[PDB]
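A quick write-up on the structure given underneath.
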Amino acid sequence: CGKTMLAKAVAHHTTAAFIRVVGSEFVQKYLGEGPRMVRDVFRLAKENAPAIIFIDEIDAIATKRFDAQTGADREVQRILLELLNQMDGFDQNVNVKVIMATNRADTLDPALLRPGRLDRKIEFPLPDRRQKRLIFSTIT
Amino acid sequence: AXXXXXXXXXX
Amino acid sequence: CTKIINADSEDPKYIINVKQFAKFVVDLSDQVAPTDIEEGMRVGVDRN
Amino acid sequence: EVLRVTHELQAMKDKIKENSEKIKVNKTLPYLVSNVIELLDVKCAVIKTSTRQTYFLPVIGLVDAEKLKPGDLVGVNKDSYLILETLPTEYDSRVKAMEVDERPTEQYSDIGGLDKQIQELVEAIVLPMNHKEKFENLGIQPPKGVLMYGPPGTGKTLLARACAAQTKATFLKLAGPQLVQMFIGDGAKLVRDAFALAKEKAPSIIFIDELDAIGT
Amino acid sequence: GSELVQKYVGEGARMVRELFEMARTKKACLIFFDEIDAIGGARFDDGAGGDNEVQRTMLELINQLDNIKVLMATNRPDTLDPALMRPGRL
Amino acid sequence: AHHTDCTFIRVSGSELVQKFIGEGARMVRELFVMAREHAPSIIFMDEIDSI
Amino acid sequence: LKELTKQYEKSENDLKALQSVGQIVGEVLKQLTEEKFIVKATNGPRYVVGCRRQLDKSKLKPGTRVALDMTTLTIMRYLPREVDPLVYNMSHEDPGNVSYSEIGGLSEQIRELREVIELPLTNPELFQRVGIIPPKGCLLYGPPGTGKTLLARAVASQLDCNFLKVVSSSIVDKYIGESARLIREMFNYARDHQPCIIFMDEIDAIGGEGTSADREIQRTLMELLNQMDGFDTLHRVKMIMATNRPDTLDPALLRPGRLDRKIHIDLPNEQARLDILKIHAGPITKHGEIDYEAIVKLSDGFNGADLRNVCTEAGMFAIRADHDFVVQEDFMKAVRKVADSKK
Ligand SMILES: Nc1ncnc2c1ncn2[C@@H]1O[C@H](COP(=O)(O)OP(=O)(O)OP(=O)(O)O)[C@@H](O)[C@H]1O
Ligand SMILES: Nc1ncnc2c1ncn2[C@@H]1O[C@H](COP(=O)(O)OP(=O)(O)O)[C@@H](O)[C@H]1O
Ligand SMILES: Nc1ncnc2c1ncn2[C@@H]1O[C@H](COP(=O)(O)OP(=O)(O)O)[C@@H](O)[C@H]1O
Ligand SMILES: [Mg+2]
Ligand SMILES: [Mg+2]
């Protein structure tokens, strides 16, 4: 339905430092390499500020925390929490906006949908009989 | 199943 | 000593491994005998 | 005029001698044995010293460029890093040691039950190596390699000897586990040489057992 | 078991050889590798790490094993490489 | 942290989870050493569910 | 005297050669100003160095190898990018030259795969003339051994474009996030080496639910899908991901610019057995006439990979017998050997 397209644009139209990162890019093996990637993204964006960090397909690393009982769901949860802690945590960052795109919108952890981290939950519904016209007029 | 792995460092 | 080139059988030009330093093609100081340094045996070299 | 040509030769002999003496006193010793990594064209090569440092040489040095080839192990000055002298390989001594001529005679009467396995390798080895004339006319390229996989205790190293012994050949067995040497650039040299030691000798088989040791 | 796992790469195998070599020199030598699990773990590709350093120390021991008798003790045999428990080595 | 007059160290989430084994233990050792030579101190570990 | 002269002149160059010193080979990694760089020795510290006056300021861009002086530490000349077979990527795996004609009985299917793959790489004008972004990706599904890979290999041979082959099932390693990473390195490798047909083998594994490992398959698909229709760079490389099971493949994977064209390649065409044998039989000397037709019914449902063996296995029968194939009696048993013994 065009979610990533708005993001591909904001990048061509932004004076900040767009920093794209797909959700699966954090799931790196070697525990302590995934969570550190989060702490390197918000450090890179903090230095080169103001910046926009766009975590596309966030459904990979931000699924509701069901108590982990194996060393794998535990390391997916260490990523979401490292995500939560830098977005709104003791180290408040200045002018680092985060754009996130997901195709589910309910599987996401309630802490990452709480007005403060992902403030505006824009919805991209299937084009009606009108947006389809505008969509047709620009591709053609 | 899915196994997260640690690692050492041969100097 | 990792090899014995035996350039002419009169100027051997031994190749020596300094362990970590490097591999060098060295020649004996006069004190040693050409026949005493057999291939593969641990050989002592001079720093210079 | 014959005397005049002789005079020119006599002068040339002294200067050839003088240049030779200056080169002779500058050859000296010791040489840092390095490993030519490549040859950029624009007479200059990129030596990667055995001390784990690379040093581009503006002039390849006291050797004929055409002789130097990517991979040659030359002797270079420890300071200038100018190639002094090409160092002969001779396939070391270990490499020729892996040419064991005492194939224990694992005669196919000694390996049992693995017949179709036995005949199959004789199709891709022995036969390809022995009766190659027919192999050339048929167009059936004989596969140079055959991997021996199977649960341990099947005897893969055994039929290997069987094709090793009851088929003649040189059988340079190069079991993979041996090709793990903490000395940088040794097993690789053992590998290229092994085929190099292989080219020198007559129809043979380069047998590497436990390929996992470097097959990882 | 501990000394056969050294920091610097290869120094584990270098010790395995220097032990077996020290045996062939002697007459009637017995080697007793207590707690083989230390350096006898089942192989697995983990090259992204120093573990393969220990594994190549076992493969330098598997080659070595196959007047010198060898003993080994393992309260947990199931963690030993199938290769090292074959009736060609043990 | 705005009114503390006491070194306020901040270890949050997976900052003590290091890939090399025996390094996670080391950092916490050096964290409670930098919190003693600079005492009184307050270590604030956010998202303790992580570690 | 003439012989002495040519050797003596070469010797004189050697006397100059003894004088010449070595340059510490290194790589540049930034350009602080017009006279300052940050060069790194191959196994050495990072020295801040300038460039010799007779050098191109420009040519030295990040990644540009240089060989700085050993005392001044001032760069003295650029060098080509180091080339070694240290590459971990199949990319160097030449497809080898295989003509389209060698694949047999896939005229229509080969024709289609030419369209999507070949066209955007050779005559982009056609696609940009009409204004549609070049199509990218072909999904070749068919029975195993039918020769999906070969057609995907010939397409590389005609275009002379680098081919990377990934056994897709292998990429799904047990440790978490390794599986996504191998796919990521593939497409990242492509950006460096263009253009490359990224031929993914059986793709059912990665594309086509409640377990930690049941979502790692989910993550790997998302990594594969993103790297295709993905922000970064759209690219000019093409993918030929071929499966054996098309029902399994997820819907998104079959889309216009995200892998289109479901080219079916069923077991060797009835007539192909001839052509395939024609293209795979003739090579081996065989003066005797051929009743190919009987071999065709003697070989029903043959995988085609079997047919390649048929002739080759016959050659082994000939390798025993004598040295020249002069009888179809050979293919009959060869057909059996490449059937009951190929079961
Ligand atoms: N077909 C056979 N006939 C007789 N002995 C056999 C046969 N196959 C294996 N063996 C015996 O099995 C033992 C193992 O030797 P070998 O190294 O060949 O086994 P292997 O299966 O190759 O071992 P690995 O696969 O672990 O390297 C030897 O005693 C060998 O003679
Ligand atoms: N409104 C639109 N306008 C233009 N193109 C669109 C629109 N919606 C969808 N598309 C097409 O589909 C793509 C949208 O990407 P999408 O599948 O939504 O990404 P993601 O699932 O990663 O958010 C665009 O690249 C474009 O080709
Ligand atoms: N239909 C065919 N036409 C030509 N060669 C074929 C055919 N089927 C199999 N082969 C042979 O088998 C190999 C290609 O098989 P491959 O493409 O790997 O099969 P698949 O991908 O369907 O499993 C080549 O050696 C090729 O010569
Ligand atoms: Mg998108
Ligand atoms: Mg064996």
| message | Looking at G:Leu60 and the list (1) in contact with a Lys or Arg (Cβ under 8 Å, 6 or more places away or on another chain); (2) surrounded by 14 or more Cβ atoms within 10 Å (Cβ to Cβ), which single condition is not satisfied? | response | (1)
| Tally, over segment G:146-176, of residues that are closer than 15 Å to G:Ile198 by Cβ and within 14 Å of another protein chain (Cβ to nearest Cβ) | 2
| Exclusive hit being surrounded by 15 or more Cβ atoms within 10 Å (Cβ to Cβ) and polar (S, T, N, Q), set A:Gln92, A:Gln77, A:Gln131 | A:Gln77
| field | Residue list for segment A:2-59, restricted to those being farther than 29 Å from G:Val172 by Cβ, hydrophobic (A, V, I, L, M, F, W, C) and either within 16 Å of ligand 1 (Cβ to nearest atom) or touching a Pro at 6+ places or on another chain (Cβ under 9 Å) (or both) | value | A:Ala16, A:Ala17
| Identify, please: which residue in segment G:256-280 is part of a loop (DSSP other than H, G, I, E, B) and among the acidic types (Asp, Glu) and is, among those, farthest from ligand 5 (Cβ to nearest atom)? | G:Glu270
| remark: G:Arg308 passes all but one of the listed conditions (1) closer than 15 Å to G:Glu102 by Cα; (2) more than 26 Å from the chain's Cα centre (by Cα); the exception is number (2)
| request: Please indicate, with yes or no, whether at least one residue in segment D:168-177 is within 16 Å of the chain's Cα centre (by Cα), buried (at least 16 other Cβ atoms within 10 Å of the Cβ) and more than 16 Å from ligand 5 (Cβ to nearest atom). | output: yes
| Which numbered condition trips up G:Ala154, out of (1) closer than 20 Å to G:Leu225 by Cα; (2) buried (at least 21 other Cβ atoms within 10 Å of the Cβ)? | (1)
| Within segment D:167-199, which residues are part of a helix (DSSP H, G or I) and either within 16 Å of ligand 2 (Cβ to nearest atom) or not hydrophobic (A, V, I, L, M, F, W, C) (or both)? | D:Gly176, D:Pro177, D:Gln178, D:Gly187, D:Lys189, D:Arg192, D:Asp193, D:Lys199
| Residue within segment G:242-258 that is touching a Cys at 6+ places or on another chain (Cβ under 9 Å) and more than 14 Å from chain B (Cβ to nearest Cβ) present | yes
| task | Kindly list, by first and then second residue, each pair from a residue in segment D:193-214 that is more than 16 Å from ligand 3 (Cβ to nearest atom) to a residue that is of a type in the set (D, E, K, R) and not in a helix (DSSP H, G or I), limited to pairs with Cβ atoms under 6 Å and residues at least 6 apart or on different chains. | result | D:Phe207/D:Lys173
| task | Collect the residues in segment F:1-47 that are within 24 Å of B:Unk6 (Cβ to Cβ), at the interface with chain A (Cβ under 10 Å from one of its Cβ atoms) and either among the small types (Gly, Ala, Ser) or part of a strand (DSSP E or B) (or both), keeping them in residue-number order. | result | F:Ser12, F:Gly13, F:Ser14, F:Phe20, F:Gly24
| Which of the residues belonging to segment E:33-52 are more than 12 Å from chain B (Cβ to nearest Cβ) and assigned to a loop (DSSP other than H, G, I, E, B)? | E:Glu35, E:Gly40, E:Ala42, E:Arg43
| said: I need the strands (runs of 3 or more DSSP E) fully contained in segment G:120-234, keeping only those with at least 3 residues that are within 14 Å of the chain's Cα centre (by Cα) and not basic (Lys, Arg). | reply: G:162-166, G:196-200
| When the residues of segment A:56-77 are filtered to those that are under 22 Å from G:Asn226 (Cα atoms) and not charged (D, E, K, R), which remaining residue is nearest to ligand 4 (Cβ to nearest atom)? | A:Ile58
| Of the residues in segment E:9-32, how many are in a helix (DSSP H, G or I) and either of a type outside the set (D, E, K, R) or farther than 26 Å from A:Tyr30 by Cβ (or both)? | 14
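Among the strands (runs of 3 or more DSSP E) confined wholly to segment D:53-166, which include 2 or more residues that are over 22 Å from the mean Cα position of the chain (by Cα) and surrounded by 15 or more Cβ atoms within 10 Å (Cβ to Cβ)?
Values: elements: D:54-57, D:74-77, D:83-86.
Strands (runs of 3 or more DSSP E) meeting the threshold: D:54-57.
A quick yes/no check of all residues on (1) farther than 22 Å from G:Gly210 by Cα; (2) of a type in the set (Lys, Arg):
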{"site": "A:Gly2", "(1), (2)": "yes, no"}
{"site": "A:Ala45", "(1), (2)": "yes, no"}
{"site": "A:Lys64", "(1), (2)": "no, yes"}
{"site": "A:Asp73", "(1), (2)": "no, no"}
{"site": "A:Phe90", "(1), (2)": "yes, no"}
| Quick one: what pairs do we get from segment A:28-45, first residue over 23 Å from G:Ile183 (Cβ atoms) and more than 10 Å from every other protein chain (Cβ to nearest Cβ), second part of a helix (DSSP H, G or I) and of a type in the set (S, T, N, Q), C-beta under 6 Å, 6+ apart or different chains? | A:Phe42/A:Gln86
| message | If I filter segment G:101-119 down to residues being within 14 Å of G:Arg236 (Cα to Cα) and crowded, with 20+ Cβ neighbours inside 10 Å, which single residue comes out as farthest from ligand 2 (Cβ to nearest atom)? | response | G:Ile117
| request: Name every residue in segment G:303-339 that is more than 22 Å from G:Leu267 (Cβ to Cβ) and assigned to a helix (DSSP H, G or I), in order of residue number. | output: G:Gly315, G:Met316, G:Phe317, G:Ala318, G:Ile319, G:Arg320, G:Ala321, G:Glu329, G:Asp330
| note | Of the candidates A:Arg43, A:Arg39, the one satisfying the condition of being within 16 Å of F:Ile51 (Cα to Cα) and of a type outside the set (A, V, I, L, M, F, W, C) is A:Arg39
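All of the numbers you see were taken from the coordinates with simple rules; none came from a lab. Backbone-built Cβ (ideal geometry, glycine too); neighbour counts: all protein chains shown.
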